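Everything below belongs to coords-v3.tsv, which stores TSV, C-alpha atoms.
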chain	number	residue	atom	x	y	z
A	1	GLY	CA	32.68	-23.51	-13.34
A	2	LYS	CA	30.60	-20.54	-12.21
A	3	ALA	CA	27.24	-22.01	-11.20
A	4	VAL	CA	24.60	-22.21	-8.47
A	5	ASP	CA	22.93	-24.75	-6.22
A	6	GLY	CA	19.97	-26.59	-7.71
A	7	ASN	CA	17.50	-25.18	-5.16
A	8	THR	CA	18.27	-21.59	-6.30
A	9	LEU	CA	15.02	-20.04	-7.47
A	10	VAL	CA	15.01	-18.31	-10.87
A	11	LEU	CA	12.34	-15.93	-12.12
A	12	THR	CA	11.06	-17.03	-15.56
A	13	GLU	CA	8.16	-15.78	-17.64
A	14	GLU	CA	7.10	-19.26	-18.82
A	15	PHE	CA	7.27	-21.12	-15.50
A	16	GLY	CA	7.14	-18.40	-12.87
A	17	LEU	CA	9.54	-18.65	-9.95
A	18	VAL	CA	11.07	-22.13	-10.22
A	19	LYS	CA	14.10	-23.94	-8.82
A	20	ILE	CA	16.89	-23.97	-11.39
A	21	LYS	CA	17.19	-27.77	-11.11
A	22	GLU	CA	13.53	-28.09	-12.08
A	23	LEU	CA	13.91	-25.60	-14.91
A	24	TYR	CA	16.87	-27.71	-16.08
A	25	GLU	CA	14.92	-30.96	-15.94
A	26	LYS	CA	11.97	-29.40	-17.79
A	27	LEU	CA	14.17	-28.08	-20.64
A	28	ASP	CA	16.92	-30.74	-20.72
A	29	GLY	CA	17.35	-31.84	-24.33
A	30	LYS	CA	14.92	-29.35	-25.91
A	31	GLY	CA	17.55	-28.19	-28.37
A	32	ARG	CA	21.14	-29.14	-29.19
A	33	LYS	CA	22.53	-31.07	-26.21
A	34	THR	CA	26.20	-31.68	-25.46
A	35	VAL	CA	27.68	-33.96	-22.80
A	36	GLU	CA	31.38	-33.56	-22.01
A	37	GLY	CA	32.58	-35.57	-19.03
A	38	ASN	CA	30.87	-34.42	-15.85
A	39	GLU	CA	29.32	-31.44	-17.69
A	40	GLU	CA	26.30	-31.12	-19.94
A	41	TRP	CA	24.27	-28.37	-21.54
A	42	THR	CA	21.45	-27.75	-23.99
A	43	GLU	CA	21.45	-24.90	-26.47
A	44	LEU	CA	17.71	-24.30	-26.34
A	45	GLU	CA	15.69	-24.54	-29.55
A	46	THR	CA	13.76	-21.54	-28.24
A	47	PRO	CA	15.34	-19.40	-25.48
A	48	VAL	CA	13.57	-19.10	-22.14
A	49	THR	CA	12.88	-15.63	-20.84
A	50	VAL	CA	14.47	-14.82	-17.48
A	51	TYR	CA	15.21	-11.43	-15.91
A	52	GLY	CA	18.46	-9.54	-15.91
A	53	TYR	CA	20.14	-6.16	-15.70
A	54	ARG	CA	20.23	-4.11	-18.91
A	55	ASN	CA	20.61	-0.34	-19.29
A	56	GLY	CA	19.95	0.31	-15.60
A	57	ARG	CA	16.73	-1.79	-15.43
A	58	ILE	CA	15.80	-5.36	-14.46
A	59	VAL	CA	13.86	-6.62	-17.51
A	60	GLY	CA	13.00	-9.77	-19.41
A	61	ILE	CA	16.00	-11.17	-21.29
A	62	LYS	CA	16.78	-14.33	-23.25
A	63	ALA	CA	18.48	-17.36	-21.71
A	64	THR	CA	19.94	-19.41	-24.54
A	65	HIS	CA	21.59	-22.36	-22.73
A	66	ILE	CA	20.99	-24.48	-19.64
A	67	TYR	CA	23.95	-26.14	-17.95
A	68	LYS	CA	24.52	-28.89	-15.39
A	69	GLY	CA	27.88	-29.65	-13.80
A	70	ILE	CA	29.80	-30.66	-10.67
A	71	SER	CA	31.64	-28.45	-8.19
A	72	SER	CA	34.04	-29.69	-5.53
A	73	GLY	CA	32.70	-27.28	-2.90
A	74	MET	CA	30.17	-24.48	-2.47
A	75	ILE	CA	29.85	-21.12	-0.70
A	76	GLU	CA	26.61	-20.26	1.06
A	77	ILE	CA	26.02	-16.55	1.71
A	78	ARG	CA	23.32	-15.10	3.98
A	79	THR	CA	22.45	-11.38	4.08
A	80	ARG	CA	20.69	-9.06	6.52
A	81	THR	CA	17.48	-9.07	4.46
A	82	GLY	CA	17.28	-12.88	4.76
A	83	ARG	CA	18.58	-13.78	1.30
A	84	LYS	CA	20.53	-17.02	1.26
A	85	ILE	CA	22.31	-18.11	-1.93
A	86	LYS	CA	24.52	-21.14	-2.47
A	87	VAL	CA	27.02	-20.86	-5.32
A	88	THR	CA	30.31	-22.27	-6.58
A	89	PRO	CA	33.43	-20.67	-5.04
A	90	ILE	CA	34.39	-18.93	-8.31
A	91	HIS	CA	30.85	-17.58	-8.88
A	92	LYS	CA	31.19	-13.83	-9.29
A	93	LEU	CA	29.11	-11.55	-7.09
A	94	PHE	CA	28.68	-7.80	-7.52
A	95	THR	CA	29.55	-5.97	-4.30
A	96	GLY	CA	29.21	-2.41	-3.10
A	97	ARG	CA	31.44	-0.78	-0.49
A	98	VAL	CA	30.75	2.42	1.45
A	99	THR	CA	34.12	4.23	1.48
A	100	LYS	CA	35.65	7.58	2.40
A	101	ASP	CA	34.54	9.26	-0.82
A	102	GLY	CA	31.56	7.14	-1.83
A	103	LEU	CA	30.31	3.81	-3.18
A	104	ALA	CA	32.57	1.40	-5.08
A	105	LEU	CA	31.35	-1.50	-7.23
A	106	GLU	CA	33.53	-4.51	-7.99
A	107	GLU	CA	33.04	-8.17	-8.80
A	108	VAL	CA	34.24	-10.59	-6.11
A	109	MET	CA	34.37	-14.37	-6.20
A	110	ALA	CA	31.98	-15.96	-3.73
A	111	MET	CA	34.95	-17.62	-1.98
A	112	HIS	CA	36.38	-14.17	-1.13
A	113	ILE	CA	33.11	-12.76	0.32
A	114	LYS	CA	33.14	-11.96	4.05
A	115	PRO	CA	30.51	-10.79	6.55
A	116	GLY	CA	30.28	-7.01	6.21
A	117	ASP	CA	30.54	-7.12	2.43
A	118	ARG	CA	27.41	-6.02	0.57
A	119	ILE	CA	26.08	-7.82	-2.51
A	120	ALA	CA	23.81	-6.59	-5.30
A	121	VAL	CA	20.13	-7.31	-4.78
A	122	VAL	CA	17.08	-6.36	-6.82
A	123	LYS	CA	14.69	-3.72	-5.49
A	124	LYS	CA	12.59	-3.27	-8.66
A	125	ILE	CA	11.58	-5.71	-11.44
A	126	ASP	CA	10.19	-4.09	-14.62
A	127	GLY	CA	7.57	-5.51	-16.96
A	128	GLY	CA	4.11	-6.93	-16.70
A	129	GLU	CA	1.17	-7.07	-19.07
A	130	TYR	CA	-2.44	-8.01	-18.36
A	131	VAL	CA	-2.46	-11.78	-18.66
A	132	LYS	CA	-5.05	-13.41	-20.90
A	133	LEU	CA	-6.61	-16.47	-19.28
A	134	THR	CA	-7.51	-19.19	-21.80
A	135	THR	CA	-10.96	-20.76	-21.33
A	136	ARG	CA	-23.86	-24.83	-13.81
A	137	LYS	CA	-22.44	-21.96	-15.85
A	138	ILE	CA	-20.13	-19.27	-14.53
A	139	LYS	CA	-18.43	-16.55	-16.44
A	140	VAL	CA	-14.71	-17.23	-16.62
A	141	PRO	CA	-12.64	-14.03	-16.54
A	142	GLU	CA	-10.63	-13.56	-19.73
A	143	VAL	CA	-7.96	-11.33	-18.12
A	144	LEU	CA	-6.22	-11.37	-14.76
A	145	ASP	CA	-7.13	-7.84	-13.71
A	146	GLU	CA	-7.18	-6.03	-10.38
A	147	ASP	CA	-10.56	-7.45	-9.28
A	148	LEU	CA	-9.42	-11.03	-9.79
A	149	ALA	CA	-6.03	-10.34	-8.18
A	150	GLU	CA	-7.80	-8.93	-5.13
A	151	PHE	CA	-10.01	-12.03	-4.89
A	152	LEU	CA	-6.92	-14.25	-5.30
A	153	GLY	CA	-5.31	-12.44	-2.38
A	154	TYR	CA	-8.22	-13.31	-0.07
A	155	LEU	CA	-8.27	-16.87	-1.36
A	156	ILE	CA	-4.55	-17.53	-1.02
A	157	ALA	CA	-4.32	-15.83	2.38
A	158	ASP	CA	-7.49	-17.08	4.07
A	159	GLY	CA	-9.20	-19.49	1.67
A	160	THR	CA	-9.43	-23.17	0.79
A	161	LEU	CA	-10.42	-25.25	-2.22
A	162	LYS	CA	-12.53	-28.39	-1.86
A	163	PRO	CA	-14.01	-30.29	-4.83
A	164	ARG	CA	-17.37	-28.49	-4.65
A	165	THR	CA	-16.65	-25.31	-2.68
A	166	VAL	CA	-14.48	-22.20	-2.69
A	167	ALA	CA	-14.26	-20.95	0.90
A	168	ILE	CA	-12.81	-17.82	2.55
A	169	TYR	CA	-12.36	-17.88	6.34
A	170	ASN	CA	-12.21	-14.49	8.07
A	171	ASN	CA	-14.10	-12.93	10.98
A	172	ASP	CA	-14.46	-9.56	9.18
A	173	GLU	CA	-17.88	-9.71	7.54
A	174	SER	CA	-17.11	-6.61	5.46
A	175	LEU	CA	-14.17	-8.53	3.98
A	176	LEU	CA	-16.40	-11.53	3.26
A	177	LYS	CA	-18.99	-9.23	1.68
A	178	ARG	CA	-16.31	-7.66	-0.51
A	179	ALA	CA	-15.14	-11.10	-1.65
A	180	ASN	CA	-18.77	-12.03	-2.38
A	181	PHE	CA	-19.25	-8.85	-4.43
A	182	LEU	CA	-16.09	-9.72	-6.39
A	183	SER	CA	-17.40	-13.25	-6.97
A	184	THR	CA	-20.59	-11.83	-8.50
A	185	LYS	CA	-18.74	-9.30	-10.67
A	186	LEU	CA	-16.09	-11.80	-11.86
A	187	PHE	CA	-17.95	-15.12	-12.03
A	188	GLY	CA	-21.62	-14.17	-12.09
A	189	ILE	CA	-22.35	-16.29	-9.00
A	190	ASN	CA	-22.23	-15.56	-5.30
A	191	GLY	CA	-21.92	-17.47	-2.06
A	192	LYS	CA	-23.32	-17.40	1.46
A	193	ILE	CA	-21.74	-16.08	4.65
A	194	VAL	CA	-21.84	-18.76	7.35
A	195	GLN	CA	-20.90	-18.85	11.03
A	196	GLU	CA	-18.68	-21.88	11.59
A	197	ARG	CA	-17.50	-23.21	14.94
A	198	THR	CA	-14.22	-21.25	14.80
A	199	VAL	CA	-14.63	-18.40	12.30
A	200	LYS	CA	-17.03	-16.85	9.82
A	201	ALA	CA	-16.81	-18.11	6.26
A	202	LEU	CA	-18.01	-17.21	2.81
A	203	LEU	CA	-18.86	-20.47	0.99
A	204	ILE	CA	-19.29	-20.50	-2.80
A	205	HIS	CA	-20.50	-23.87	-4.12
A	206	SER	CA	-19.28	-24.22	-7.72
A	207	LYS	CA	-17.13	-27.03	-9.11
A	208	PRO	CA	-16.28	-24.91	-12.22
A	209	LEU	CA	-15.02	-22.13	-9.95
A	210	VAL	CA	-12.84	-24.54	-7.98
A	211	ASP	CA	-11.52	-25.87	-11.32
A	212	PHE	CA	-10.72	-22.30	-12.39
A	213	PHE	CA	-8.58	-21.73	-9.32
A	214	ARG	CA	-7.02	-25.19	-9.54
A	215	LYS	CA	-5.94	-24.32	-13.09
A	216	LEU	CA	-4.28	-21.18	-11.65
A	217	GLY	CA	-2.22	-23.44	-9.38
A	218	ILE	CA	-4.03	-23.06	-6.04
A	219	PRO	CA	-3.57	-26.41	-4.21
A	220	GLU	CA	-6.52	-28.46	-3.00
A	221	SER	CA	-4.67	-30.08	-0.08
A	222	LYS	CA	-1.87	-28.91	2.20
A	223	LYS	CA	-2.47	-25.41	0.87
A	224	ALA	CA	-1.16	-23.62	3.97
A	225	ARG	CA	2.27	-25.24	3.65
A	226	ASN	CA	2.55	-25.56	-0.15
A	227	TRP	CA	0.93	-22.62	-1.97
A	228	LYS	CA	3.02	-20.72	-4.54
A	229	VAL	CA	2.58	-17.41	-6.28
A	230	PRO	CA	0.90	-18.14	-9.65
A	231	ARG	CA	3.12	-17.45	-12.64
A	232	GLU	CA	0.29	-15.31	-14.04
A	233	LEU	CA	0.63	-12.87	-11.13
A	234	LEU	CA	4.39	-12.67	-11.60
A	235	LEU	CA	3.74	-11.60	-15.21
A	236	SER	CA	1.08	-9.03	-14.32
A	237	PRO	CA	1.26	-5.20	-14.31
A	238	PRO	CA	2.26	-3.59	-10.98
A	239	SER	CA	-1.34	-2.39	-10.42
A	240	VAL	CA	-2.53	-6.03	-10.52
A	241	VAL	CA	0.27	-7.21	-8.21
A	242	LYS	CA	-0.59	-4.40	-5.79
A	243	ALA	CA	-4.27	-5.39	-5.65
A	244	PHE	CA	-3.18	-8.93	-4.74
A	245	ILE	CA	-0.60	-7.78	-2.13
A	246	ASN	CA	-3.00	-5.36	-0.41
A	247	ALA	CA	-5.70	-8.05	-0.30
A	248	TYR	CA	-3.24	-10.50	1.28
A	249	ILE	CA	-2.12	-7.87	3.85
A	250	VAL	CA	-5.76	-7.01	4.70
A	251	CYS	CA	-6.27	-10.69	5.52
A	252	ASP	CA	-3.04	-11.47	7.39
A	253	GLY	CA	-0.94	-8.33	7.79
A	254	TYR	CA	0.18	-6.77	11.05
A	255	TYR	CA	1.52	-3.26	11.53
A	256	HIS	CA	4.12	-2.46	14.21
A	257	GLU	CA	3.52	1.22	14.90
A	258	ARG	CA	6.97	1.86	16.42
A	259	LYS	CA	9.16	-0.21	14.10
A	260	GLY	CA	7.06	1.20	11.25
A	261	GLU	CA	6.77	-2.16	9.48
A	262	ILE	CA	4.06	-4.33	7.96
A	263	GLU	CA	4.53	-8.00	8.77
A	264	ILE	CA	2.95	-11.09	7.23
A	265	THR	CA	3.60	-14.62	8.43
A	266	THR	CA	2.83	-17.60	6.18
A	267	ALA	CA	3.27	-21.37	6.60
A	268	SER	CA	4.45	-21.65	2.95
A	269	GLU	CA	8.17	-21.12	2.46
A	270	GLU	CA	7.94	-20.90	-1.33
A	271	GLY	CA	4.86	-18.68	-0.98
A	272	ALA	CA	6.89	-16.27	1.14
A	273	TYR	CA	9.71	-16.20	-1.43
A	274	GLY	CA	7.18	-15.52	-4.21
A	275	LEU	CA	5.74	-12.60	-2.24
A	276	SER	CA	9.24	-11.04	-2.19
A	277	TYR	CA	9.37	-11.19	-5.98
A	278	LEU	CA	5.86	-9.68	-6.21
A	279	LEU	CA	6.98	-6.89	-3.86
A	280	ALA	CA	10.04	-6.22	-6.06
A	281	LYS	CA	7.68	-5.79	-9.03
A	282	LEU	CA	6.31	-2.88	-6.94
A	283	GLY	CA	9.80	-1.58	-6.16
A	284	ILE	CA	9.44	-2.64	-2.50
A	285	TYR	CA	12.41	-4.30	-0.79
A	286	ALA	CA	11.30	-6.82	1.83
A	287	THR	CA	13.03	-8.74	4.61
A	288	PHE	CA	12.60	-12.46	5.28
A	289	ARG	CA	12.99	-14.46	8.52
A	290	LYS	CA	12.17	-18.01	9.55
A	291	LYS	CA	10.42	-18.10	12.92
A	292	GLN	CA	9.68	-21.02	15.23
A	293	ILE	CA	6.21	-20.35	16.65
A	294	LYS	CA	4.38	-22.88	18.84
A	295	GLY	CA	6.74	-25.67	17.85
A	296	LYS	CA	6.41	-25.12	14.09
A	297	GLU	CA	8.38	-23.20	11.48
A	298	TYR	CA	6.84	-20.15	9.80
A	299	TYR	CA	8.08	-17.67	7.24
A	300	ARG	CA	7.87	-13.95	7.93
A	301	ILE	CA	7.91	-11.20	5.27
A	302	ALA	CA	8.33	-7.65	6.57
A	303	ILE	CA	8.07	-4.28	4.82
A	304	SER	CA	9.77	-1.36	6.63
A	305	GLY	CA	10.35	2.35	6.06
A	306	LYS	CA	8.22	5.11	4.61
A	307	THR	CA	9.60	4.65	1.08
A	308	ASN	CA	8.53	1.00	1.01
A	309	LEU	CA	5.22	1.47	2.79
A	310	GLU	CA	3.99	4.45	0.80
A	311	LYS	CA	4.11	2.31	-2.36
A	312	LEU	CA	1.30	0.17	-0.90
A	313	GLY	CA	-0.98	3.15	-0.32
A	314	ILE	CA	-4.07	3.62	-2.47
A	315	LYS	CA	-3.63	7.40	-2.20
A	316	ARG	CA	-0.05	8.48	-2.94
A	317	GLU	CA	1.86	11.73	-3.35
A	318	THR	CA	2.10	12.31	-7.07
A	319	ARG	CA	5.89	12.41	-7.18
A	320	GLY	CA	5.95	8.79	-5.97
A	321	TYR	CA	5.08	8.03	-9.59
A	322	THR	CA	7.50	10.43	-11.30
A	323	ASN	CA	10.42	9.53	-9.01
A	324	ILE	CA	11.84	6.60	-10.94
A	325	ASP	CA	13.27	3.93	-8.69
A	326	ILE	CA	16.85	2.99	-8.17
A	327	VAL	CA	16.80	-0.65	-9.13
A	328	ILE	CA	19.75	-2.25	-7.31
A	329	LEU	CA	20.55	-2.09	-3.58
A	330	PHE	CA	23.54	-3.47	-1.69
A	331	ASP	CA	22.67	-5.99	1.05
A	332	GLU	CA	25.08	-6.65	3.94
A	333	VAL	CA	26.40	-10.23	4.26
A	334	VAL	CA	25.96	-11.60	7.79
A	335	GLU	CA	27.16	-15.19	7.40
A	336	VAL	CA	29.41	-17.08	5.03
A	337	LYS	CA	29.60	-20.87	5.08
A	338	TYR	CA	32.26	-22.96	3.33
A	339	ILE	CA	30.89	-26.33	2.21
A	340	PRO	CA	33.50	-28.88	1.03
A	341	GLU	CA	30.99	-31.57	-0.09
A	342	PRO	CA	30.80	-32.03	-3.89
A	343	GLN	CA	27.45	-31.70	-5.64
A	344	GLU	CA	25.69	-31.01	-8.91
A	345	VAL	CA	25.42	-27.33	-9.88
A	346	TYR	CA	23.43	-25.48	-12.54
A	347	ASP	CA	23.75	-22.41	-14.72
A	348	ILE	CA	21.81	-20.57	-17.39
A	349	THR	CA	23.50	-18.56	-20.13
A	350	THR	CA	21.92	-15.18	-20.82
A	351	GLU	CA	22.59	-12.36	-23.26
A	352	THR	CA	23.51	-10.01	-20.37
A	353	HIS	CA	25.61	-12.66	-18.52
A	354	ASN	CA	23.50	-12.02	-15.42
A	355	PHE	CA	20.09	-13.17	-14.18
A	356	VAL	CA	17.78	-12.67	-11.22
A	357	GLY	CA	17.46	-15.48	-8.70
A	358	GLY	CA	17.66	-16.52	-5.06
A	359	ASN	CA	15.00	-16.90	-2.40
A	360	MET	CA	14.54	-13.13	-2.66
A	361	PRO	CA	15.53	-11.28	-5.85
A	362	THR	CA	19.34	-11.20	-6.21
A	363	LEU	CA	21.61	-10.36	-9.13
A	364	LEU	CA	23.55	-13.49	-10.09
A	365	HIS	CA	26.27	-13.82	-12.73
A	366	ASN	CA	26.94	-16.37	-15.51

Write-out of the structure in structure tokens:
Amino acid sequence: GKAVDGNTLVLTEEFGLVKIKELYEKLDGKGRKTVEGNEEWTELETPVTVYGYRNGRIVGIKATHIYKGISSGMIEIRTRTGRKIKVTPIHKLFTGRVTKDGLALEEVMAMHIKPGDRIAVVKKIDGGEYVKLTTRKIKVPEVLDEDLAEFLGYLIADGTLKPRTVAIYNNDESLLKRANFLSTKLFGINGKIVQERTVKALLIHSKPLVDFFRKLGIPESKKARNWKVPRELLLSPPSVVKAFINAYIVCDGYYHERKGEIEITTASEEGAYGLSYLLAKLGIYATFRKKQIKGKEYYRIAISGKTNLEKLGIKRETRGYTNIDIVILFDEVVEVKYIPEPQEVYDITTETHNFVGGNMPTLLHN
């Protein structure tokens, strides 16, 4: 059938950005299940909200069924932006061609895709509401607002969790003082700025505060390689996402003045992919590259061009708000790989017959 590889990420409201195989395993049997030969599916008792294309926007839509099957082979497609999707050969992709007279859209089976073709990718994801967070003493924020998203950006970029201490490592004391101010405003407690052997740090000693961030999904070990974007951020308004993104960039961003691009490099591959979804909530299209640096693999997210970059600014021309985005772009295929080995594949049935997935946001078809 038409299906995708199990490692394909899918954006969901309930679980955040999750591999479709893990979504399947979580929901397998929660509804009316049918097994027919090598195929199986569950009609979900309650649909799961994913994202899809409806009336010119990418919005939350209902997925009613989850499906697991087998395919004899697969097609793996890589694009110029660094998207890489692995799908069954009959999986339908939406392409765009630049012609004599203009732009032509048609559906094309993955097996017929060639380098030079351009597939539909998502530039802008709609939605987002202030997320309610369910509850010595601290105050626990009740909403994920811009202040908490900014603090989360410092913590995810440059911070660690230990059982008794929330730490931020950064040589810019003004940044540490801003994080400390946010700690006082948000949690009612503050920390101390310390000179450590390698870097300055702000240390906040509070087991309840650590527990707060643990509950948000910040890892306590192997954080550099394993952090993920919290599902609460992926459900947040664009202004909250932007506070997080700008805080991250302040910590780790570089600007190439001649390429005109902001670059961040992370050791977390799934973290990098989550950042691309957060950027799409802002209407920013990013590029992704793996880089081998000093004998290790890192993950580079880049933001290029005045249209992208101006959306990060705190001061913006007022039309930037009235100019409503175009939501879909067409991304050039650079490599196609034909994979004869059979494997399990997965699908989700939605009311639009499409959904948003891939390592960076891509329009996929049922």

Pick from A:72, A:134, A:206, A:38: nearest to residue 187 (chain A), with all atoms listed in the file counted? A:206

So that I can check the surroundings of residue 270 (chain A), please list as a list in words every protein, DNA and RNA residue that reaches within 9 Å of it, counting only C-alpha atoms and ignoring chain neighbours fewer than 2 positions away.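 Result of the neighbour search: residues 225, 226, 227, 228, 229, 268, 272, 273, 274, 275 and 359 of chain A.
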
Within-12 Å shell of (-10.1, -13.6, -13.4) in input frame, only C-alpha atoms, as a PyMOL selection string: chain A and resi 130-135+138-152+182-188+209+212-213+215-216+232-233+240

What is the CA of residue 351 (chain A) to CA of residue 333 (chain A) distance in Å?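 According to the coordinates, CA of residue 351 (chain A) and CA of residue 333 (chain A) are separated by 27.9 Å.
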
Choose the residue, out of A:336, A:194, A:301, A:245, that has the smallest atom-to-atom separation from residue 113 (chain A); count all atoms listed in the file. A:336

List the spatial neighbours of region 85-98 of chain A as an MDAnalysis selection string - criterion: any atom at most 8 Å away, all atoms listed in the file, same-chain residues fewer than 6 positions off excluded. chainID A and resid 1:5 8 71 73:78 104:111 117:120 330 345 358:359 363:366

Which residue is closest to residue 166 (chain A)? Choose from A:205, A:222, A:296, A:178 and count all atoms listed in the file. A:205

Can you work out the spacing between CA of residue 189 (chain A) and CA of residue 221 (chain A) in Å, to one decimal?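 Separation of CA of residue 189 (chain A) and CA of residue 221 (chain A): 24.1 Å.
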
Using all atoms listed in the file: which of A:84, A:291, A:124, A:259 has the shortest distance to residue 51 (chain A):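 Closest to residue 51 (chain A) of all the choices is A:124.
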